[PDB]
Amino acid sequence: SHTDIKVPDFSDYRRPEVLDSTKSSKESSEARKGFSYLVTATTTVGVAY
Amino acid sequence: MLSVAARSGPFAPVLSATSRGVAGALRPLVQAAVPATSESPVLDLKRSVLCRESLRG
Amino acid sequence: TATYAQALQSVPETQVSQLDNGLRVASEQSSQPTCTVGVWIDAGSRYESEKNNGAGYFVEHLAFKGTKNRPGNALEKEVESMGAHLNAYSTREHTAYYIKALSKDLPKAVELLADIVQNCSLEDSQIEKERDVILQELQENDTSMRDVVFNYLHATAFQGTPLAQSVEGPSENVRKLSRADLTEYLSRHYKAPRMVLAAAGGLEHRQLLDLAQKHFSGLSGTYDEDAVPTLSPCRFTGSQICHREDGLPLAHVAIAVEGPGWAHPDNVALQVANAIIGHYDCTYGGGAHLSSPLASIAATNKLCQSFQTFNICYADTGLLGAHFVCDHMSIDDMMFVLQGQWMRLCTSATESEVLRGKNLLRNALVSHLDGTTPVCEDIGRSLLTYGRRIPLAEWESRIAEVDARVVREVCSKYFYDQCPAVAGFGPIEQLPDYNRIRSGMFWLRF
Amino acid sequence: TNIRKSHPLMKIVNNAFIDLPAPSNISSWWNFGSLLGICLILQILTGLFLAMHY
Amino acid sequence: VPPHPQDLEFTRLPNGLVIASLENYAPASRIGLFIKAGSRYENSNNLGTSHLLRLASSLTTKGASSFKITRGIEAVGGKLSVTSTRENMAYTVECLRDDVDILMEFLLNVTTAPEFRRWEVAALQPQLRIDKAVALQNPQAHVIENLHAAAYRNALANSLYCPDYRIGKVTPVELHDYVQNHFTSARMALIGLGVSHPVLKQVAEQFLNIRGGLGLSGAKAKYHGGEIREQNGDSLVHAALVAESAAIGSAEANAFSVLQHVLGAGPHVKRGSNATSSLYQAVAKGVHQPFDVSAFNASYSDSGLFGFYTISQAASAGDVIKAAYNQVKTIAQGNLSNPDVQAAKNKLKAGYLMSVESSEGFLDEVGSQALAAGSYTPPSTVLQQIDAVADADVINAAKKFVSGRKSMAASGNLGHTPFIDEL
Amino acid sequence: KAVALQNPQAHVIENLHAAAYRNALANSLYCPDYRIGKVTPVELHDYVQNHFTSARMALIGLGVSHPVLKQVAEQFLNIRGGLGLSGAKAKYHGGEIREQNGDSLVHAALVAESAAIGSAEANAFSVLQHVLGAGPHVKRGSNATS
Amino acid sequence: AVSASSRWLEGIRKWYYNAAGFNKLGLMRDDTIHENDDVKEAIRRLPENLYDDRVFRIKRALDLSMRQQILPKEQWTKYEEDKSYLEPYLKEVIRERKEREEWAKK
Amino acid sequence: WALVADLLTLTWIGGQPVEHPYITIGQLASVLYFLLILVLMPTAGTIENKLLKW
Amino acid sequence: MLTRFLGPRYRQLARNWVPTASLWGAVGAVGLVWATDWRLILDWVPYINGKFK
Ligand code: HEM
């Protein structure tokens with residue numbers, strides 16, 4: 001009855017690298033953390049200036 | 001046909017250094033589950049069930 | 001008097017044969033008057049679709065309840081009369097059917113296992129009886145907060161994949177699985193290359209092979225045939241499921257990063273690391289004095305009723321982390337200490353503690369493989385996953401290799417700056433926000 | 001309940017100056033802390049009134 | 001080919017200490033010290049002392065600190081455990097082959113040099129409450145504990161778990177007094193697995209030569225009979241009905257053990273109907289609700305308890321007990337086939353041999369044997385002893401149950417649970 | 001309960017009745033611990049409806065007139081849809097309950113089935129009580145006639 | 001054996017004891033010890049009788065210190081009568097810490 | 001009290017010209033300030049411990 | 001009293017944190033050089049020669 005708890009579809013909100021259910025996410029975690037940390041890096045550079 | 005508890009019936013308790021406390025006996029509970037709803041206090045104010053230090057490489 | 005090293009060499013070789021079938025037949029001979037015999041199948045909920053899900057578990061309920069040669073209770077009557085024990089399990093990847101019997105009863109034990117695995121009746125009246133039995137077991141499983149969080153952990157970590165599914169399946173599937181759904185499962189899955197006949201105890205291999213040729217001949221020996229799937233890889237997702245229930249007296253939390261598969265060599269060093277963090281329970285001797293800093297602080301500060309490390313393995317993926325049970329005001333502290341230990345091991349694992357982790361694994365492995373039953377399970381499962389039995393001396397060589405550098409590299413690969421999967425059930429208001437869990441996966445000082 | 005004990009502001013005054021458990025036996029030499037505080041407020045008040053004209 | 005197995009080696013010392021060892025050339029070793037120090041050796045003035053002792057194994061000793069015991073054992077990946085029955089305490093120690101000496105030293109310090117420091121004793125007292133609460137979350141533990149208190153005047157009447165009134169009240173002197181009285185050479189057995197006999201014999205002569213304790217094996221357990229009834233409302237009624245049977249090691253005990261398997265012990269099949277279980281089938285005839293039944297068999301040094309245990313719905317408790325009691329009555333009246341005894345003998349023989357498969361099960365069996373009998377009996381002579389039970393012995397054992405003064409314990413909603421009287 | 005059970009006599013007399021009776025007089029005056037928190041509004045409503053009825057009731061007044069009581073009883077105490085009268089019948093059984101305490105003093109009570117109230121036999125029991133000795137008559141006395 | 005040198009060594013010890021002056025307040029030596037973690041643990045381990053005696057001695061001394069008074073000379077604690085009641089508790093606490101510290105080295 | 005009196009001496013030398021007796025005694029008082037704190041007071045505490053058999 | 005922190009565990013913990021301590025030293029030095037526009041170092045950085053004459 002707890003077994004009726006499926007997690008709802010997040011395909012609407014997912015990054016394009018992690019839409020494929022048959023693909024490992026490990027293959028794109030470096031690129032995806034890369035992008036978001038580059039944002040914070042670029043910001044800190046700008047704020048330091 | 002010795003051992004008091006492994007004649008299967010009377011109660012043994014175990015404490016350990018590294019391993020969880022046990023109580024064991026031949027009272028029944030395996031064929032008690034089989035016709036069903038024993039809605040058991042499993043991880044209420046409690047312990048942990050089945051034997052740890054039990055993993056492969 | 002013998003060394004530990006000598007003693008590992010003295011453990012006898014697992015003999016393996018293959019039938020023309022494709023059915024692998026494998027044994028470890030010992031002195032024992034008793035044996036365990038069984039069939040290990042590459043079948044479980046990972047092989048099932050949304051419509052199929054729970055079929056293997058349904059088959060488990062029917063497997064012992066009548067065959068074509070022994071109808072109704074007649075199999076039960078034979079097992080009981082010889083003093084034998086008949087058991088089954090279904091995981092996500094593996095199904096097993098096994099007999100504990102006297103060694104002299106190995107011919108009938110193999111005979112019965114063949115009859116179960118090939119010639120199961122699935123009488124329509126029996127399927128209907130089992131429907132109500134499975135539903136009550138679902139109602140039961142619901143009360144087990146441990147079973148619930150682990151189902152939730154799978155359901156969130158593996159999301160859109162067949163590894164998200166429970167073994168037992170949803171209640172609607174239980175009520176609408178027909179005989180034809182089950183027959184199709186058994187036809188597709190219970191094929192000789194995908195199954196292993198395993199034994200441990202007081203038997204010769206030759207005798208096991210002869211019985212395999214007697215009773216398992218003509219599963220696949222003209223057939224095998226078109227449409228198989230291999231297993232598609234299962235996407236892991238960094239995610240959180242939070243079943244808030246304040247009526248429940250203690251919180252259950254399970255947290256895991258993506259493990260590698262069964263196959264992967266760095267499972268060994270991950271297990272060394274997991275042994276260092278260890279397990280705890282409120283009934284352990286040693287509060288303050290326990291070696292594990294998580295165990296020591298959890299005992300001293302009353303953070304905990306229990307915790308456990310785990311490394312659950314599937315083909316090409318896993319769940320690596322930790323489960324704990326605690327009071328509503330203790331979740332935040334438990335997480336902080338848990339994550340700090342992962343971060344400590346990633347960055348700054350020292351040598352003495354790695355040796356302790358190594359020794360704990362050596363003791364765990366030898367303690368586990370003690371009895372006909374755990375050794376038989378190890379034969380059956382290993383041949384499915386690895387293809388060989390990996391001998392105790394090999395595991396030793398793999399454990400010995402692990403030092404502090406190996407712990408810190410291998411931990412960094414899986415733990416460091418990685419998205420965990422989180423499952424929470426119970427009084428979970430003080431369960432840290434996911435962003436704040438995520439932030440615990442790296443250290444700013446490093 | 002008292003007002004003094006649980007009012008969020010009066011709480012702080014209570015725990016610092018009223019209900020604060022103090023050693024029975026502290027001498028003359030323990031007077032200098034309050035006296036330093038007095039000295040600070042004295043320097044503040046006179047100083048402001050000097051800053052009004054300086 | 002494995003190695004052809006070594007035989008067990010066995011030695012009684014003049015002081016009465018038994019030493020038993022096997023060299024199975026195994027990567028891990030197991031050492032047990034088995035002591036005639038279980039809860040039966042408590043009196044009215046010191047109840048729960050052996051509980052607190054069972055919980056005190058990693059406390060400071062003369063040769064190793066609390067900290068050293070915990071860290072030194074954990075460093076080599078070892079275990080230290082204490083298993084108690086009503087008769088025995090069993091101090092077990094597991095490690096790899098190379099580490100036996102450190103684990104031996106720790107084992108010897110726990111059992112022969114404990115300090116029971118007042119502050120370490122005090123800090124431990126709340127562990128009694130936790131350990132009891134965990135154990136008593138199985139309804140079976142409260143039932144079997146009440147069952148013995150109902151059965152016995154005396155000694156086997158004692159709980160394995162400390163009485164609540166005693167939590168916080170068990171003293172350092174009582175723990176010291178319990179060890180001095182009971183952890184002596186004549187009351188002790190040193191059992192080793194994957195150690196040499198000379199190394200054990202050397203340990204026993206050097207470190208286990210103690211006597212100023214007590215003369216042996218009881219106050220004598222006075223069977224009494226009676227009932228304890230615990231209202232619970234607990235969804236399911238747990239009930240146990242028993243009579244005085246046979247002391248362990250008597251031929252009569254073997255008749256009781258076979259009777260147990262006629263009537264039905266545990267299940268053999270995952271989710272099975274228990275077709276060859278006499279009690280199960282007799283209850284199942286007239287009871288259509290969820291239930292369980294088992295034959296109960298507890299044998300001791302100087303007494304035994306035999307009968308049955310029932311889990312049922314509150315309203316069905318009476319029906320289930322009476323159906324089960326009548327099925328034993330059918331066997332007492334002589335309605336027992338030779339195939340039934342032969343099946344039951346097969347279940348016993350297989351069950352025992354499986355019970356001694358692991359190191360854990362073998363060591364407990366060898367330890368208990370050494371305490372109860374003063375000997376080791378190989379599996380083939382246990383099996384010979386089982387075989388010698390005639391059908392008439394099984395009938396007679398069932399007859400002793402039916403005519404014997406009864407003991408009963410029940411927990412649940414008891415509005416439909418009968419009163420010995422009413423059976 | 002905790003206040004009442006600080007007299008050892010209350011636990012003894014409560015155990016004494018549970019030992020004595022199968023049934024009904026076996027019930028404790030005080031709620032069983034497992035039941036604390038579990039007694040429902042419906043059970044209280046059910047208890048009043050079943051038991052607080054005209055046939056099971058007596059209105060007693062001291063320093064009020066009989067007409068004022070009679071008026072109260074006819075106007076406000078005309079209830080019946082309850083139970084038929086005065087028991088399930090109390091089945092005497094016998095037996096023992098034993099509570100280890102270590103309590104410095106042993107409190108013990110030993111009893112047999114005697115006589116129902118209002119029988120002439122009950123009066124014999126009441127006299128027997130005073131032969132044997134009930135409470136003390138003298139402050140600090142040796143109880144000479146007990 | 002040792003006679004003349006020992007009494008002089010004891011003499012300087014006894015002289016300093018009197019000049020220290022905690023005995024004028026009825027304090028024992030062990031009452032005056034700075035409460036670090038080792039010391040707080042030693043207090044905790046004290047038996048009932050010694051714990052309570054310790055508190056009364058502190059209370060009576062703090063009371064005197066408030067009034068800036070001392071005991072009558074009769075009632076001063078004699079150097080010879082000064083019971084080192086904490087020392088064996090404290091020594092054991094130190095020994096326990098040092099073992100933990102050695103284990104933490106390896 | 002030797003420190004306090006050293007500080008009194010240093011306050012005296014502070015208020016006087018950089019000339020004959022005042023230079024060398026100012027140097028000696030400066031040495032003694034750092035000698036009392038860094039060396040002499042921590043040696044006294046150790047001696048006092050040894051004296052009390054502590 | 002600081003004999004406490006001498007032993008093989010503490011040497012290994014020193015070895016583990018040393019690339020990090022030196023990389024933080026690198027952050028601090030380049031940070032101080034940048035924030036003060038420091039002359040001696042920044043004349044020698046082959047782009048960022050925006051003084052010239
Ligand atoms: C924020 C509060 C303060 C204000 C607004 C303030 C303002 C003043 C002003 C306007 C003067 C110049 C007038 C004069 O020399 O008489 C002065 C001088 C002085 N201030 Fe303050 N003051 C403050 C607190 C302080 C404190 C805390 C001290 C340190 C104890 C201090 C030490 C003095 C001294 C020594 C002088 C020189 C007095 C003299 O000899 O004429 N003042 N301050």
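Chain letters run A, B, ... following the sequence lines, proteins first, then strands; residues in each count from 1. Counting starts at 1 for both ligands and their atoms, in listed order. In what follows, every heavy atom counts, from backbone to side chain, and hydrogens, waters and symmetry copies are set aside.
- Ranking the protein heavy atoms by distance from atom 24 (C) of ligand 1 puts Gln43(D) O, 3.4 Å first.
- The ligand atoms of ligand 1 that sit less than 4.0 angstrom from a heavy atom of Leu48(D) are 5 (C).
- In this structure, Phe446(C) has its ring center closer than 6.0 angstrom to the ring center of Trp17(I).
- Considering each of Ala51(D), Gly47(D), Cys39(D), the one bringing a non-hydrogen atom nearest atom 7 (C) of ligand 1 is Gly47(D).
- Not a single salt bridge (charged side-chain N to carboxylate O under 4.0 Å, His left out) links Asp53(G) to another residue, sequence neighbours left out.
- Inside a 4.0 Å radius of atom 31 (C) of ligand 1 there is at least one protein heavy atom.
- Nearest protein neighbour of atom 1 (C) of ligand 1, counting heavy atoms only, is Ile44(D) CG1, 4.1 Å.
- In terms of protein heavy-atom proximity, atom 12 (C) of ligand 1 is closest to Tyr54(D) CD1, 3.9 Å.
- A salt bridge links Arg4(D) with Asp19(D): the distance from a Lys NZ or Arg NE/NH1/NH2 to an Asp or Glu carboxylate oxygen falls below 4.0 Å.
- Protein non-hydrogen atoms do not reach within 4.0 Å of atom 18 (C) of ligand 1.
- Considering only non-hydrogen protein atoms, atom 9 (C) of ligand 1 sits nearest to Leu50(D) CB, 4.3 Å.
- Inside a 4.0 Å radius of atom 37 (C) of ligand 1 there is not any protein heavy atom.
- Side-chain contact check for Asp30(G) and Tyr89(G): no donor-acceptor pair (N or O, by modelled atom type) lies under 3.5 Å.
- Using a 4.5 Å cut-off on side-chain heavy atoms (C-beta onward), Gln339(C) and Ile437(C) make contact.
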Steps toward salt bridge (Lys or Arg N to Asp or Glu O under 4.0 Å) verdict (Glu351(C), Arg15(I)): CA-CA 12 Å; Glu351(C) 219 68 66; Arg15(I) 276 175 235 233; over 6 Å; no

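- Salt bridge present: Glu102(G) and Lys105(G) bring a charged side-chain N and a carboxylate O closer than 4.0 Å.
- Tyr22(H) and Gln16(H) share a donor-acceptor pair across their side chains, judged by distance under 3.5 Å alone.
- For atom 5 (C) of ligand 1, a protein heavy-atom neighbour is found at a distance under 4.0 Å.
- When distances from atom 34 (C) of ligand 1 to the protein are checked, no heavy atom turns up under 4.0 Å.
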